[PDB]
Amino acid sequence: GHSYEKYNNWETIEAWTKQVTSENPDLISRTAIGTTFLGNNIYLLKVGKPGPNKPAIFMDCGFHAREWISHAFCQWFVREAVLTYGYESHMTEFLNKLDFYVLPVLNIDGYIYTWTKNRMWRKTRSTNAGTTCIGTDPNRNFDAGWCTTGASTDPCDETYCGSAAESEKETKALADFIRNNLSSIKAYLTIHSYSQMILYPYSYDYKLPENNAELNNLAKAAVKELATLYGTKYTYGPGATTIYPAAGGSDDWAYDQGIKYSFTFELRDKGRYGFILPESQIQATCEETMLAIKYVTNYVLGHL
Ligand SMILES: CC(C)[C@H](NS(=O)(=O)C[C@H](Cc1ccccc1)NC(=O)OCc1ccccc1)P(=O)(O)C[C@H](C(=O)O)c1cccc(CN)c1
Ligand SMILES: [Zn+2]
């Protein structure tokens with residue numbers, strides 16, 4: 001069975017996407033935007049009060065297989081949305097005025113592998129010609145300074161950038177969807193762990209985005225807001241200087257598509273447990289993260 005305070009395997013998450021949609025058809029619709037390399041369904045949940053000509057925010061989780069708290073957050077977010085709609089004024093206004101496209105698990109094949117074989121797997125599970133080595137790093141697979149830095153051209157490495165930009169069915173599916181909905185998508189949020197950061201462009205180069213002052217101010221406010229709940233401290237900044245230059249990232253790509261608010265989140269913790277964050281921290285992690293996501297949403301809506 002599904003639990004919002006435990007990590008759920010894909011079979012369970014999948015069943016959840018069907019159930020939560022069935023239980024909230026006036027707030028959620030489920031579509032599939034493609035299949036993974038191993039034929040799993042890439043579900044996308046459209047969360048919001050249905051209406052014509054609505055702007056939208058896109059959020060994905062589960063790019064990297066071992067970052068389990070990421071997957072957990074997308075599920076937590078959906079429940080908060082549906083349970084509080086009509087009662088909490090902000091979320092009610094959010095869902096009335098816009099749609100959240102929530103993609104709960106992008107790299108499903110990798111996620112399954114972390115359950116069945118290797119808890120520390122990161123990449124996809126696609127095969128590579130000429131080698132037994134498996135998988136491409138999805139966050140090096142986008143058309144953003146593709147493979148020019150912070151990436152490997154070797155299929156055996158954890159940062160393999162792929163045979164070409166969007167060589168992975170999963171990243172192609174995500175890019176295709178966003179490209180088809182550019183007119184409506186006003187912000188792109190991509191959830192990772194760990195390190196407690198909010199990153200914004202650019203990561204593929206040290207250059208700064210045209211609106212970097214605004215993004216910095218937005219990130220600073222979001223981290224302040226996050227800290228109010230449990231005191232959790234995040235840092236923030238351009239990806240390249242805040243972690244390290246890394247080309248082919250989905251956040252850089254989305255931004256260069258014209259999506260002016262594009263952020264990567266790195267959730268708890270700072271390395272005590274790392275990727276193996278205990279389920280006992282799921283609730284608190286998700287609750288504080290909600291505050292930052294809602295803050296960003298409120299800002300974006302107020303600046304349409
Ligand atoms: C613990 C997290 C910070 C993950 N990092 S990781 O699993 O250790 C692998 C990652 C691989 C890499 C190679 C070359 C250049 C940059 C990054 N290494 C890394 O982040 O090392 C730094 C580090 C290590 C431990 C704790 C904090 C920071 P991530 O979510 O996988 C980081 C993410 C990525 O590597 O795709 C990322 C790095 C730079 C910029 C962005 C924004 N697009 C996103
Ligand atoms: Zn990651």
# chains A, B, ... in the order shown; residues from 1 in each chain; ligands from 1

call {"tool": "residues_near_ligand", "arguments": {"ligand": "ligand 2", "cutoff": "8 Å", "atoms": "only C-alpha atoms and all ligand atoms", "output": "ChimeraX atom specification"}}
result
/A:63-64,67,122,139,191-194,266

call {"tool": "residues_around", "arguments": {"residues": "residue 246 in chain A", "least_positions_apart": "5", "cutoff": "8 Å", "atoms": "only C-alpha atoms", "output": "PyMOL selection string"}}
result
chain A and resi 140+149-151+203-205+239-240

call {"tool": "write_last_selection", "arguments": {"atoms": "C-alpha atoms", "output": "PDB file, in the first residue's frame"}}
result
ATOM      1  CA  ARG A 140      23.446  15.841 -18.627  1.00  0.00           C
ATOM      2  CA  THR A 149      31.579  20.463 -19.280  1.00  0.00           C
ATOM      3  CA  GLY A 150      30.970  18.530 -16.076  1.00  0.00           C
ATOM      4  CA  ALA A 151      29.906  15.508 -18.115  1.00  0.00           C
ATOM      5  CA  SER A 203      25.216  25.559 -14.780  1.00  0.00           C
ATOM      6  CA  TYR A 204      26.682  24.879 -18.223  1.00  0.00           C
ATOM      7  CA  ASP A 205      28.669  28.125 -18.070  1.00  0.00           C
ATOM      8  CA  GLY A 239      24.445  26.359 -10.455  1.00  0.00           C
ATOM      9  CA  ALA A 240      27.976  26.718 -11.794  1.00  0.00           C
TER      10      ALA A 240
END

call {"tool": "select_by_dssp", "arguments": {"residues": "range 39-239 of chain A", "states": "alpha helix (DSSP H)", "output": "PyMOL selection string"}}
result
chain A and resi 68-84+89-97+108-116+169-180+212-230+239

call {"tool": "closest_residue", "arguments": {"among": "A:237, A:25, A:48, A:249", "to": "ligand 1", "atoms": "only C-alpha atoms and all ligand atoms"}}
result
A:249

call {"tool": "closest_residue", "arguments": {"among": "A:207, A:71, A:268, A:294", "to": "ligand 1", "atoms": "only C-alpha atoms and all ligand atoms"}}
result
A:268

call {"tool": "atom_distance", "arguments": {"atom1": "CA of residue 301 in chain A", "atom2": "CA of residue 179 in chain A"}}
result
20.8 Å

call {"tool": "closest_residue", "arguments": {"among": "A:208, A:291, A:56, A:198", "to": "residue 235 in chain A", "atoms": "only C-alpha atoms"}}
result
A:198

call {"tool": "closest_residue", "arguments": {"among": "A:241, A:19, A:36, A:8", "to": "ligand 1", "atoms": "only C-alpha atoms and all ligand atoms"}}
result
A:241

call {"tool": "residues_around", "arguments": {"residues": "residue 201 in chain A", "least_positions_apart": "3", "cutoff": "12 Å", "atoms": "only C-alpha atoms", "output": "JSON, numbers by chain"}}
result
{"A": [144, 188, 189, 198, 204, 205, 206, 207, 208, 209, 210, 211, 212, 213, 214, 215, 216, 219, 236, 237, 238, 239, 240, 241, 242, 243, 244, 245, 246, 247, 248, 249, 250, 251, 252, 253, 254, 255, 256, 259, 260, 261, 262, 263, 264]}

call {"tool": "closest_residue", "arguments": {"among": "A:130, A:135, A:1, A:62", "to": "ligand 1", "atoms": "only C-alpha atoms and all ligand atoms"}}
result
A:62

call {"tool": "decode", "arguments": {"residues": "range 231-267 of chain A", "atoms": "N, CA, C and O atoms", "output": "PDB file, in the first residue's frame"}}
result
ATOM      1  N   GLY A 231      13.792  25.486  10.876  1.00  0.00           N
ATOM      2  CA  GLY A 231      15.130  26.037  11.034  1.00  0.00           C
ATOM      3  C   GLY A 231      16.154  25.491  10.053  1.00  0.00           C
ATOM      4  O   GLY A 231      17.349  25.766  10.169  1.00  0.00           O
ATOM      5  N   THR A 232      15.689  24.719   9.078  1.00  0.00           N
ATOM      6  CA  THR A 232      16.578  24.093   8.105  1.00  0.00           C
ATOM      7  C   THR A 232      17.238  25.138   7.210  1.00  0.00           C
ATOM      8  O   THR A 232      16.560  25.986   6.630  1.00  0.00           O
ATOM      9  N   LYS A 233      18.561  25.072   7.099  1.00  0.00           N
ATOM     10  CA  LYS A 233      19.315  26.085   6.367  1.00  0.00           C
ATOM     11  C   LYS A 233      19.686  25.653   4.954  1.00  0.00           C
ATOM     12  O   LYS A 233      20.387  24.661   4.759  1.00  0.00           O
ATOM     13  N   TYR A 234      19.216  26.416   3.973  1.00  0.00           N
ATOM     14  CA  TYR A 234      19.583  26.205   2.577  1.00  0.00           C
ATOM     15  C   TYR A 234      20.555  27.297   2.147  1.00  0.00           C
ATOM     16  O   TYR A 234      20.532  28.404   2.686  1.00  0.00           O
ATOM     17  N   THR A 235      21.396  26.984   1.169  1.00  0.00           N
ATOM     18  CA  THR A 235      22.153  28.007   0.461  1.00  0.00           C
ATOM     19  C   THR A 235      21.619  28.097  -0.967  1.00  0.00           C
ATOM     20  O   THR A 235      20.792  27.281  -1.373  1.00  0.00           O
ATOM     21  N   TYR A 236      22.063  29.094  -1.725  1.00  0.00           N
ATOM     22  CA  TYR A 236      21.513  29.304  -3.059  1.00  0.00           C
ATOM     23  C   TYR A 236      22.457  30.083  -3.963  1.00  0.00           C
ATOM     24  O   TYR A 236      23.392  30.739  -3.494  1.00  0.00           O
ATOM     25  N   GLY A 237      22.198  30.010  -5.263  1.00  0.00           N
ATOM     26  CA  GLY A 237      22.995  30.754  -6.218  1.00  0.00           C
ATOM     27  C   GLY A 237      22.951  30.128  -7.599  1.00  0.00           C
ATOM     28  O   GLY A 237      22.217  29.163  -7.821  1.00  0.00           O
ATOM     29  N   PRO A 238      23.727  30.663  -8.552  1.00  0.00           N
ATOM     30  CA  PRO A 238      23.851  30.058  -9.881  1.00  0.00           C
ATOM     31  C   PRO A 238      24.454  28.662  -9.749  1.00  0.00           C
ATOM     32  O   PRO A 238      25.332  28.439  -8.918  1.00  0.00           O
ATOM     33  N   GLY A 239      23.979  27.728 -10.565  1.00  0.00           N
ATOM     34  CA  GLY A 239      24.445  26.359 -10.455  1.00  0.00           C
ATOM     35  C   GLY A 239      25.954  26.216 -10.538  1.00  0.00           C
ATOM     36  O   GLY A 239      26.561  25.489  -9.748  1.00  0.00           O
ATOM     37  N   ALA A 240      26.564  26.915 -11.489  1.00  0.00           N
ATOM     38  CA  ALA A 240      27.976  26.718 -11.794  1.00  0.00           C
ATOM     39  C   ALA A 240      28.878  27.039 -10.608  1.00  0.00           C
ATOM     40  O   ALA A 240      29.882  26.359 -10.383  1.00  0.00           O
ATOM     41  N   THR A 241      28.523  28.064  -9.842  1.00  0.00           N
ATOM     42  CA  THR A 241      29.344  28.470  -8.705  1.00  0.00           C
ATOM     43  C   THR A 241      28.864  27.873  -7.384  1.00  0.00           C
ATOM     44  O   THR A 241      29.616  27.823  -6.408  1.00  0.00           O
ATOM     45  N   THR A 242      27.616  27.417  -7.347  1.00  0.00           N
ATOM     46  CA  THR A 242      27.040  26.918  -6.102  1.00  0.00           C
ATOM     47  C   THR A 242      27.319  25.429  -5.915  1.00  0.00           C
ATOM     48  O   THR A 242      27.486  24.956  -4.790  1.00  0.00           O
ATOM     49  N   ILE A 243      27.368  24.693  -7.019  1.00  0.00           N
ATOM     50  CA  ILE A 243      27.917  23.344  -6.993  1.00  0.00           C
ATOM     51  C   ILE A 243      29.164  23.281  -7.866  1.00  0.00           C
ATOM     52  O   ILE A 243      30.287  23.324  -7.363  1.00  0.00           O
ATOM     53  N   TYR A 244      28.956  23.197  -9.174  1.00  0.00           N
ATOM     54  CA  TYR A 244      30.058  23.123 -10.124  1.00  0.00           C
ATOM     55  C   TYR A 244      29.474  23.151 -11.530  1.00  0.00           C
ATOM     56  O   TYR A 244      28.338  22.731 -11.746  1.00  0.00           O
ATOM     57  N   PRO A 245      30.243  23.647 -12.511  1.00  0.00           N
ATOM     58  CA  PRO A 245      29.749  23.663 -13.891  1.00  0.00           C
ATOM     59  C   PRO A 245      29.330  22.273 -14.364  1.00  0.00           C
ATOM     60  O   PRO A 245      30.102  21.319 -14.278  1.00  0.00           O
ATOM     61  N   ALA A 246      28.100  22.165 -14.857  1.00  0.00           N
ATOM     62  CA  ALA A 246      27.572  20.887 -15.313  1.00  0.00           C
ATOM     63  C   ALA A 246      26.596  21.104 -16.464  1.00  0.00           C
ATOM     64  O   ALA A 246      25.477  21.574 -16.258  1.00  0.00           O
ATOM     65  N   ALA A 247      27.022  20.751 -17.673  1.00  0.00           N
ATOM     66  CA  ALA A 247      26.231  21.024 -18.870  1.00  0.00           C
ATOM     67  C   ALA A 247      25.106  20.012 -19.064  1.00  0.00           C
ATOM     68  O   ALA A 247      25.136  18.917 -18.499  1.00  0.00           O
ATOM     69  N   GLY A 248      24.116  20.386 -19.871  1.00  0.00           N
ATOM     70  CA  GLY A 248      23.057  19.460 -20.231  1.00  0.00           C
ATOM     71  C   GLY A 248      21.949  19.362 -19.198  1.00  0.00           C
ATOM     72  O   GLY A 248      21.152  18.424 -19.228  1.00  0.00           O
ATOM     73  N   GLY A 249      21.898  20.323 -18.280  1.00  0.00           N
ATOM     74  CA  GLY A 249      20.879  20.306 -17.243  1.00  0.00           C
ATOM     75  C   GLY A 249      19.512  20.765 -17.722  1.00  0.00           C
ATOM     76  O   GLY A 249      19.404  21.655 -18.568  1.00  0.00           O
ATOM     77  N   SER A 250      18.459  20.160 -17.176  1.00  0.00           N
ATOM     78  CA  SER A 250      17.102  20.473 -17.603  1.00  0.00           C
ATOM     79  C   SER A 250      16.694  21.883 -17.189  1.00  0.00           C
ATOM     80  O   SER A 250      15.900  22.524 -17.874  1.00  0.00           O
ATOM     81  N   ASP A 251      17.234  22.374 -16.077  1.00  0.00           N
ATOM     82  CA  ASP A 251      16.885  23.718 -15.639  1.00  0.00           C
ATOM     83  C   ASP A 251      17.460  24.784 -16.570  1.00  0.00           C
ATOM     84  O   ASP A 251      16.762  25.731 -16.941  1.00  0.00           O
ATOM     85  N   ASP A 252      18.718  24.620 -16.972  1.00  0.00           N
ATOM     86  CA  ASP A 252      19.317  25.526 -17.953  1.00  0.00           C
ATOM     87  C   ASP A 252      18.572  25.470 -19.281  1.00  0.00           C
ATOM     88  O   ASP A 252      18.332  26.502 -19.911  1.00  0.00           O
ATOM     89  N   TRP A 253      18.204  24.265 -19.708  1.00  0.00           N
ATOM     90  CA  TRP A 253      17.497  24.102 -20.974  1.00  0.00           C
ATOM     91  C   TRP A 253      16.132  24.781 -20.935  1.00  0.00           C
ATOM     92  O   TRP A 253      15.753  25.485 -21.869  1.00  0.00           O
ATOM     93  N   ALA A 254      15.397  24.568 -19.848  1.00  0.00           N
ATOM     94  CA  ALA A 254      14.073  25.162 -19.712  1.00  0.00           C
ATOM     95  C   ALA A 254      14.188  26.682 -19.740  1.00  0.00           C
ATOM     96  O   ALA A 254      13.405  27.359 -20.406  1.00  0.00           O
ATOM     97  N   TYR A 255      15.173  27.217 -19.023  1.00  0.00           N
ATOM     98  CA  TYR A 255      15.363  28.663 -18.989  1.00  0.00           C
ATOM     99  C   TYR A 255      15.618  29.206 -20.391  1.00  0.00           C
ATOM    100  O   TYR A 255      15.031  30.214 -20.790  1.00  0.00           O
ATOM    101  N   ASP A 256      16.489  28.539 -21.143  1.00  0.00           N
ATOM    102  CA  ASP A 256      16.813  29.002 -22.486  1.00  0.00           C
ATOM    103  C   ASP A 256      15.678  28.750 -23.478  1.00  0.00           C
ATOM    104  O   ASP A 256      15.751  29.170 -24.634  1.00  0.00           O
ATOM    105  N   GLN A 257      14.628  28.071 -23.023  1.00  0.00           N
ATOM    106  CA  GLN A 257      13.395  27.959 -23.798  1.00  0.00           C
ATOM    107  C   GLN A 257      12.508  29.183 -23.590  1.00  0.00           C
ATOM    108  O   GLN A 257      11.518  29.372 -24.298  1.00  0.00           O
ATOM    109  N   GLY A 258      12.861  30.006 -22.610  1.00  0.00           N
ATOM    110  CA  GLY A 258      12.073  31.190 -22.323  1.00  0.00           C
ATOM    111  C   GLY A 258      11.315  31.105 -21.012  1.00  0.00           C
ATOM    112  O   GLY A 258      10.546  32.002 -20.669  1.00  0.00           O
ATOM    113  N   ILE A 259      11.529  30.025 -20.272  1.00  0.00           N
ATOM    114  CA  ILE A 259      10.927  29.885 -18.954  1.00  0.00           C
ATOM    115  C   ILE A 259      11.812  30.593 -17.929  1.00  0.00           C
ATOM    116  O   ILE A 259      12.860  30.084 -17.530  1.00  0.00           O
ATOM    117  N   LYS A 260      11.377  31.776 -17.509  1.00  0.00           N
ATOM    118  CA  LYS A 260      12.257  32.722 -16.827  1.00  0.00           C
ATOM    119  C   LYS A 260      12.506  32.365 -15.373  1.00  0.00           C
ATOM    120  O   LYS A 260      13.500  32.784 -14.779  1.00  0.00           O
ATOM    121  N   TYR A 261      11.598  31.589 -14.798  1.00  0.00           N
ATOM    122  CA  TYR A 261      11.779  31.094 -13.443  1.00  0.00           C
ATOM    123  C   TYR A 261      12.080  29.601 -13.491  1.00  0.00           C
ATOM    124  O   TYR A 261      11.185  28.774 -13.659  1.00  0.00           O
ATOM    125  N   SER A 262      13.359  29.272 -13.355  1.00  0.00           N
ATOM    126  CA  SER A 262      13.816  27.893 -13.463  1.00  0.00           C
ATOM    127  C   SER A 262      14.765  27.602 -12.314  1.00  0.00           C
ATOM    128  O   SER A 262      15.786  28.274 -12.158  1.00  0.00           O
ATOM    129  N   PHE A 263      14.418  26.606 -11.506  1.00  0.00           N
ATOM    130  CA  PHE A 263      15.155  26.315 -10.283  1.00  0.00           C
ATOM    131  C   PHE A 263      15.399  24.821 -10.143  1.00  0.00           C
ATOM    132  O   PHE A 263      14.528  24.012 -10.466  1.00  0.00           O
ATOM    133  N   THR A 264      16.584  24.469  -9.652  1.00  0.00           N
ATOM    134  CA  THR A 264      16.841  23.129  -9.139  1.00  0.00           C
ATOM    135  C   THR A 264      16.841  23.166  -7.612  1.00  0.00           C
ATOM    136  O   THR A 264      17.525  23.988  -6.999  1.00  0.00           O
ATOM    137  N   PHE A 265      16.054  22.288  -7.000  1.00  0.00           N
ATOM    138  CA  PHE A 265      16.069  22.136  -5.549  1.00  0.00           C
ATOM    139  C   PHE A 265      16.907  20.930  -5.154  1.00  0.00           C
ATOM    140  O   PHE A 265      16.792  19.862  -5.756  1.00  0.00           O
ATOM    141  N   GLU A 266      17.746  21.112  -4.138  1.00  0.00           N
ATOM    142  CA  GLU A 266      18.444  20.006  -3.495  1.00  0.00           C
ATOM    143  C   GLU A 266      17.926  19.922  -2.067  1.00  0.00           C
ATOM    144  O   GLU A 266      18.197  20.806  -1.258  1.00  0.00           O
ATOM    145  N   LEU A 267      17.176  18.866  -1.757  1.00  0.00           N
ATOM    146  CA  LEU A 267      16.530  18.757  -0.449  1.00  0.00           C
ATOM    147  C   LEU A 267      17.497  18.225   0.620  1.00  0.00           C
ATOM    148  O   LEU A 267      18.706  18.186   0.395  1.00  0.00           O
TER     149      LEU A 267
END
